[PDB]
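Structure file entry.cif (mmCIF, C-alpha atoms) is printed below.
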```
data_run
#
loop_
_atom_site.group_PDB
_atom_site.id
_atom_site.type_symbol
_atom_site.label_atom_id
_atom_site.label_comp_id
_atom_site.auth_asym_id
_atom_site.auth_seq_id
_atom_site.Cartn_x
_atom_site.Cartn_y
_atom_site.Cartn_z
ATOM 1 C CA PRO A 6 -170.713 262.771 144.956
ATOM 2 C CA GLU A 7 -169.375 265.784 146.843
ATOM 3 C CA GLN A 8 -165.579 265.614 146.833
ATOM 4 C CA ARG A 9 -164.243 264.980 150.337
ATOM 5 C CA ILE A 10 -161.288 267.105 151.436
ATOM 6 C CA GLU A 11 -159.436 266.356 154.674
ATOM 7 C CA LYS A 12 -156.958 268.903 156.009
ATOM 8 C CA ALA A 13 -155.002 269.806 159.128
ATOM 9 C CA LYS A 14 -155.432 272.926 161.201
ATOM 10 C CA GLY A 15 -153.859 276.273 160.459
ATOM 11 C CA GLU A 16 -153.230 275.609 156.769
ATOM 12 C CA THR A 17 -154.776 276.177 153.325
ATOM 13 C CA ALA A 18 -157.472 274.200 151.524
ATOM 14 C CA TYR A 19 -157.424 274.002 147.704
ATOM 15 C CA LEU A 20 -160.835 273.558 146.113
ATOM 16 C CA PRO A 21 -160.736 273.025 142.297
ATOM 17 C CA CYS A 22 -163.485 274.434 140.121
ATOM 18 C CA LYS A 23 -162.412 274.624 136.499
ATOM 19 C CA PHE A 24 -164.923 275.242 133.729
ATOM 20 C CA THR A 25 -165.208 275.287 129.956
ATOM 21 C CA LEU A 26 -167.720 277.674 128.422
ATOM 22 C CA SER A 27 -169.887 276.663 125.499
ATOM 23 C CA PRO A 28 -170.694 278.912 122.511
ATOM 24 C CA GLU A 29 -174.268 279.482 123.732
ATOM 25 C CA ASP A 30 -172.952 280.782 126.994
ATOM 26 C CA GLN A 31 -173.110 284.483 126.350
ATOM 27 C CA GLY A 32 -174.603 286.005 129.511
ATOM 28 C CA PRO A 33 -172.689 287.771 132.235
ATOM 29 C CA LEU A 34 -170.110 285.519 133.854
ATOM 30 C CA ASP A 35 -170.802 285.102 137.516
ATOM 31 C CA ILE A 36 -169.206 283.019 140.238
ATOM 32 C CA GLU A 37 -170.400 282.526 143.776
ATOM 33 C CA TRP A 38 -168.849 280.376 146.515
ATOM 34 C CA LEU A 39 -171.088 279.321 149.376
ATOM 35 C CA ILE A 40 -170.189 277.902 152.779
ATOM 36 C CA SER A 41 -172.648 275.681 154.585
ATOM 37 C CA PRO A 42 -171.620 275.632 158.264
ATOM 38 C CA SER A 43 -172.077 272.239 159.897
ATOM 39 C CA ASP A 44 -173.970 271.504 156.688
ATOM 40 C CA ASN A 45 -177.353 272.776 157.947
ATOM 41 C CA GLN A 46 -179.569 272.433 154.928
ATOM 42 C CA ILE A 47 -181.687 275.515 155.538
ATOM 43 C CA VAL A 48 -178.993 278.117 154.926
ATOM 44 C CA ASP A 49 -175.748 278.736 153.111
ATOM 45 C CA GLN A 50 -173.537 281.823 153.162
ATOM 46 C CA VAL A 51 -171.615 283.585 150.460
ATOM 47 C CA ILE A 52 -167.917 283.771 151.132
ATOM 48 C CA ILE A 53 -166.561 284.963 147.773
ATOM 49 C CA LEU A 54 -168.286 286.302 144.663
ATOM 50 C CA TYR A 55 -167.196 287.288 141.146
ATOM 51 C CA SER A 56 -169.290 289.863 139.264
ATOM 52 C CA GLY A 57 -169.011 292.842 136.930
ATOM 53 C CA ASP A 58 -165.552 291.394 136.576
ATOM 54 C CA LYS A 59 -164.823 292.496 140.122
ATOM 55 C CA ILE A 60 -164.066 290.232 143.071
ATOM 56 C CA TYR A 61 -165.748 290.453 146.455
ATOM 57 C CA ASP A 62 -164.317 289.156 149.723
ATOM 58 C CA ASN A 63 -166.724 291.526 151.419
ATOM 59 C CA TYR A 64 -168.672 289.014 153.557
ATOM 60 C CA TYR A 65 -168.521 286.221 156.118
ATOM 61 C CA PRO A 66 -166.471 288.272 158.628
ATOM 62 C CA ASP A 67 -165.049 285.013 159.964
ATOM 63 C CA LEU A 68 -163.269 284.488 156.644
ATOM 64 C CA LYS A 69 -162.186 288.109 156.276
ATOM 65 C CA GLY A 70 -158.827 287.976 154.548
ATOM 66 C CA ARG A 71 -158.616 284.194 154.544
ATOM 67 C CA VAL A 72 -160.157 283.128 151.187
ATOM 68 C CA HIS A 73 -158.937 283.793 147.607
ATOM 69 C CA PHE A 74 -159.352 282.625 143.971
ATOM 70 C CA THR A 75 -156.171 280.741 143.160
ATOM 71 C CA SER A 76 -156.216 281.668 139.502
ATOM 72 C CA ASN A 77 -155.197 284.960 138.030
ATOM 73 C CA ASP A 78 -157.598 284.896 135.079
ATOM 74 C CA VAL A 79 -160.746 283.369 136.508
ATOM 75 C CA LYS A 80 -162.744 283.942 133.304
ATOM 76 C CA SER A 81 -160.270 281.851 131.352
ATOM 77 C CA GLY A 82 -162.220 278.941 132.820
ATOM 78 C CA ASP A 83 -160.917 278.734 136.381
ATOM 79 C CA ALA A 84 -162.941 279.384 139.494
ATOM 80 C CA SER A 85 -160.812 277.436 141.984
ATOM 81 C CA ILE A 86 -160.148 278.911 145.398
ATOM 82 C CA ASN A 87 -157.800 278.704 148.352
ATOM 83 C CA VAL A 88 -158.955 278.816 151.996
ATOM 84 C CA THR A 89 -156.169 280.019 154.260
ATOM 85 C CA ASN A 90 -155.321 279.455 157.902
ATOM 86 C CA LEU A 91 -157.765 276.590 158.418
ATOM 87 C CA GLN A 92 -159.677 276.391 161.706
ATOM 88 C CA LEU A 93 -162.405 274.161 163.124
ATOM 89 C CA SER A 94 -165.092 276.750 162.389
ATOM 90 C CA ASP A 95 -164.328 276.398 158.689
ATOM 91 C CA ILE A 96 -165.832 272.943 158.753
ATOM 92 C CA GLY A 97 -168.769 272.652 156.437
ATOM 93 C CA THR A 98 -169.875 272.168 152.888
ATOM 94 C CA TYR A 99 -168.406 274.227 150.120
ATOM 95 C CA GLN A 100 -170.153 274.839 146.861
ATOM 96 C CA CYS A 101 -169.005 276.292 143.548
ATOM 97 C CA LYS A 102 -171.660 278.041 141.435
ATOM 98 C CA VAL A 103 -170.835 279.201 137.903
ATOM 99 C CA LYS A 104 -173.434 281.038 135.797
ATOM 100 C CA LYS A 105 -173.146 282.386 132.295
ATOM 101 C CA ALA A 106 -176.550 282.484 130.693
ATOM 102 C CA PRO A 107 -177.844 280.082 129.732
ATOM 103 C CA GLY A 108 -175.150 277.743 131.008
ATOM 104 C CA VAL A 109 -174.801 276.731 134.634
ATOM 105 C CA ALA A 110 -172.642 274.430 136.729
ATOM 106 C CA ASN A 111 -172.250 273.239 140.290
ATOM 107 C CA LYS A 112 -169.675 271.436 142.420
ATOM 108 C CA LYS A 113 -169.945 270.250 146.008
ATOM 109 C CA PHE A 114 -167.012 270.051 148.356
ATOM 110 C CA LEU A 115 -167.150 268.454 151.798
ATOM 111 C CA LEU A 116 -164.490 270.019 153.974
ATOM 112 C CA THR A 117 -162.998 268.382 157.039
ATOM 113 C CA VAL A 118 -160.582 269.962 159.505
ATOM 114 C CA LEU A 119 -158.619 267.732 161.875
ATOM 115 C CA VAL A 120 -156.409 268.923 164.711
ATOM 116 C CA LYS A 121 -152.891 267.734 165.498
ATOM 117 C CA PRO A 122 -152.880 266.841 169.207
ATOM 118 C CA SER A 123 -151.262 269.497 171.326
ATOM 119 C CA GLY A 124 -151.801 271.155 174.690
ATOM 120 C CA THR A 125 -151.997 268.156 176.978
ATOM 121 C CA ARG A 126 -151.926 268.592 180.734
ATOM 122 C CA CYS A 127 -150.200 266.028 182.936
ATOM 123 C CA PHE A 128 -151.503 266.109 186.480
ATOM 124 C CA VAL A 129 -151.997 264.118 189.654
ATOM 125 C CA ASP A 130 -155.125 264.479 191.774
ATOM 126 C CA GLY A 136 -151.571 254.190 200.445
ATOM 127 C CA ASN A 137 -154.108 256.518 198.849
ATOM 128 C CA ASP A 138 -156.513 256.300 195.896
ATOM 129 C CA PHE A 139 -154.440 258.206 193.283
ATOM 130 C CA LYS A 140 -155.112 258.970 189.636
ATOM 131 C CA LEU A 141 -152.477 260.050 187.109
ATOM 132 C CA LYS A 142 -153.835 261.902 184.130
ATOM 133 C CA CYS A 143 -152.783 262.935 180.617
ATOM 134 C CA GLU A 144 -155.591 265.181 179.399
ATOM 135 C CA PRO A 145 -155.206 266.664 175.909
ATOM 136 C CA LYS A 146 -156.737 269.667 174.218
ATOM 137 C CA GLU A 147 -157.007 270.282 171.448
ATOM 138 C CA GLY A 148 -156.820 266.967 169.641
ATOM 139 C CA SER A 149 -158.865 264.358 167.793
ATOM 140 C CA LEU A 150 -159.650 260.659 167.992
ATOM 141 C CA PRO A 151 -158.669 257.915 167.853
ATOM 142 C CA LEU A 152 -155.885 259.094 170.171
ATOM 143 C CA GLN A 153 -153.048 256.920 171.425
ATOM 144 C CA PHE A 154 -151.080 257.317 174.674
ATOM 145 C CA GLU A 155 -147.794 255.816 175.835
ATOM 146 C CA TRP A 156 -146.387 256.520 179.308
ATOM 147 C CA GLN A 157 -142.757 255.805 180.321
ATOM 148 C CA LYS A 158 -139.852 256.516 182.712
ATOM 149 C CA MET A 165 -140.647 250.707 184.827
ATOM 150 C CA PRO A 166 -143.723 250.330 187.102
ATOM 151 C CA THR A 167 -145.095 246.790 187.196
ATOM 152 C CA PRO A 168 -148.694 247.305 188.377
ATOM 153 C CA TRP A 169 -148.966 250.248 185.981
ATOM 154 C CA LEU A 170 -147.642 248.397 182.922
ATOM 155 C CA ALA A 171 -151.212 247.590 181.909
ATOM 156 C CA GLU A 172 -152.147 251.280 182.028
ATOM 157 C CA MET A 173 -149.159 252.232 179.902
ATOM 158 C CA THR A 174 -151.581 252.922 177.075
ATOM 159 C CA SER A 175 -154.680 254.267 178.772
ATOM 160 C CA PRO A 176 -154.730 258.036 179.449
ATOM 161 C CA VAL A 177 -155.429 257.441 183.123
ATOM 162 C CA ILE A 178 -153.273 255.682 185.674
ATOM 163 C CA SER A 179 -155.771 255.005 188.447
ATOM 164 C CA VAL A 180 -153.186 254.335 191.161
ATOM 165 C CA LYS A 181 -154.106 252.621 194.450
ATOM 166 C CA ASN A 182 -152.309 251.793 197.700
ATOM 167 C CA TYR A 191 -140.726 260.200 182.399
ATOM 168 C CA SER A 192 -143.323 260.844 179.678
ATOM 169 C CA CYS A 193 -146.760 260.758 178.167
ATOM 170 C CA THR A 194 -146.607 260.646 174.362
ATOM 171 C CA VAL A 195 -149.843 261.494 172.563
ATOM 172 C CA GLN A 196 -150.522 260.500 169.006
ATOM 173 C CA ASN A 197 -153.188 260.446 166.322
ATOM 174 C CA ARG A 198 -152.896 260.151 162.539
ATOM 175 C CA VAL A 199 -152.051 263.819 162.000
ATOM 176 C CA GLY A 200 -149.623 264.721 164.807
ATOM 177 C CA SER A 201 -147.818 263.967 168.062
ATOM 178 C CA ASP A 202 -147.072 265.467 171.489
ATOM 179 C CA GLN A 203 -144.946 265.069 174.661
ATOM 180 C CA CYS A 204 -145.739 265.797 178.318
ATOM 181 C CA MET A 205 -144.156 265.318 181.751
ATOM 182 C CA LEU A 206 -145.488 264.815 185.288
ATOM 183 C CA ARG A 207 -144.297 264.387 188.873
ATOM 184 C CA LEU A 208 -145.761 262.448 191.811
ATOM 185 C CA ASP A 209 -144.904 262.093 195.491
ATOM 186 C CA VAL A 210 -145.799 259.691 198.291
#
```

Write the structure described by the file as structure tokens, please.
Amino acid sequence: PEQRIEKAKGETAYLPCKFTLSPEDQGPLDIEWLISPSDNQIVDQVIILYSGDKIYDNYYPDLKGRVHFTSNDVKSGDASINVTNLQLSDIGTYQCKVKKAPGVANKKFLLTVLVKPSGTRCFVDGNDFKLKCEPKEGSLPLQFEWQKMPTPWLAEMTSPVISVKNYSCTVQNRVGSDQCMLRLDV
């Protein structure tokens, strides 16, 4: 299958693509990395290309300055790349295409970018109150834990909404945490 790579935001993805040439393989060496945004199967885009023994980072303006061949000597049999400063737009399918006539190889990489929860707002709206711990950005499944010892709220301790009628909010997933504070008055 297509190797599955899961990373956090703002960092660098390492995609391995090492190759061994065979004696037949005498044509011009040529490498071409393609990104497939949201995996739409009608179109891919070139991010980085190797040709005439000259590199090109010339395209996909979104990735301008953010993608590089790890290796020094790519011809030596190493086409691996690094993707730097990972964002949510970088999600997609990544493909490694090596061609040296008549030989040819291909590797599929399925990239996934999760977000450590941060930027949560804590706000209030014998009344019909609602206390709220609304995060963004983040990613599910999220967990919430509110503190201070309120008895009729104890059940809501975990839900992100304290629908109140008649001090913290800790927010956690499996890639990061977060802390937020609120005030109320009756």

Query raised in the report: Written as a PyMOL selection string, which residues does the PyMOL selection byres ((chain A and resi 107-111) around 8) give for the file shown?
Result: chain A and resi 26-27+29-32+100-106+112-113

Requested in this report: On this file, the PyMOL selection byres ((chain A and resi 143-166) around 10) gives some set of residues; write that set as an MDAnalysis selection string.
Outcome: chainID A and resid 119:129 141:142 167:178 191:206

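Coordinates place CA of residue 71 in chain A at a distance of 13.6 Å from CA of residue 51 in chain A.
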
Requested in this report: Fewer than 6 positions away in the same chain doesn't count, so skip those; otherwise give me all residues within 7 Å of range 41-50 of chain A, counting only C-alpha atoms, as an MDAnalysis selection string.
Outcome: chainID A and resid 96:99

Query raised in the report: What does the distance from CA of residue 85 in chain A to CA of residue 23 in chain A come to in Å, to one decimal?
Result: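 Distance between the two atoms: 6.4 Å.
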
Listing only residues of range 103-156 of chain A within 7 Å of range 7-11 of chain A, what is the closest atom pair and its distance in Å (to one decimal) for each, using all atoms listed in the file, sorted by chain and residue number ascending, as a tab-separated table?
```
residue	atom	partner	partner_atom	distance
A:113	CA	A:7	CA	4.6
A:114	CA	A:8	CA	4.9
A:115	CA	A:9	CA	4.8
A:116	CA	A:10	CA	5.0
A:117	CA	A:11	CA	4.7
A:118	CA	A:11	CA	6.1
```

Requested in this report: Figure out the distance between CA of residue 73 in chain A and CA of residue 57 in chain A, please, to one decimal in Å.
Outcome: 17.2 Å

Requested in this report: Scan for residues within 12 Å of the point (-164.2, 289.1, 154.1) in the coordinates of the file, using all atoms listed in the file, and reply as a ChimeraX atom specification.
Outcome: /A:50-54,60-73,88

Saved selection, atoms kept: C-alpha atoms, as a compact mmCIF listing (two decimals), in the frame of the given file:
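part_18.txt, freshly written:
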```txt
# COMPACT_ATOMS: atom_id res chain seq x y z
CA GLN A 50 -173.54 281.82 153.16
CA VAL A 51 -171.62 283.58 150.46
CA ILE A 52 -167.92 283.77 151.13
CA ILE A 53 -166.56 284.96 147.77
CA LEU A 54 -168.29 286.30 144.66
CA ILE A 60 -164.07 290.23 143.07
CA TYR A 61 -165.75 290.45 146.46
CA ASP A 62 -164.32 289.16 149.72
CA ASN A 63 -166.72 291.53 151.42
CA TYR A 64 -168.67 289.01 153.56
CA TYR A 65 -168.52 286.22 156.12
CA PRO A 66 -166.47 288.27 158.63
CA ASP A 67 -165.05 285.01 159.96
CA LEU A 68 -163.27 284.49 156.64
CA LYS A 69 -162.19 288.11 156.28
CA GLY A 70 -158.83 287.98 154.55
CA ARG A 71 -158.62 284.19 154.54
CA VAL A 72 -160.16 283.13 151.19
CA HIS A 73 -158.94 283.79 147.61
CA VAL A 88 -158.96 278.82 152.00
```

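For the choices A:181, A:20, A:207, A:37, the atom-to-atom distance to residue 89 in chain A is smallest for A:20 when using all atoms listed in the file.
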
Query - Using all atoms listed in the file: which of A:93, A:79, A:210, A:86 has the shortest distance to residue 39 in chain A - result: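 Answer, going by the shortest atom-to-atom distance: A:86.
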
Requested in this report: Would you please work out which residue, of A:17, A:94, A:56, A:77, is nearest to residue 33 in chain A when using only C-alpha atoms?
Outcome: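 Looking at the shortest contact to residue 33 in chain A, the residue is A:56.
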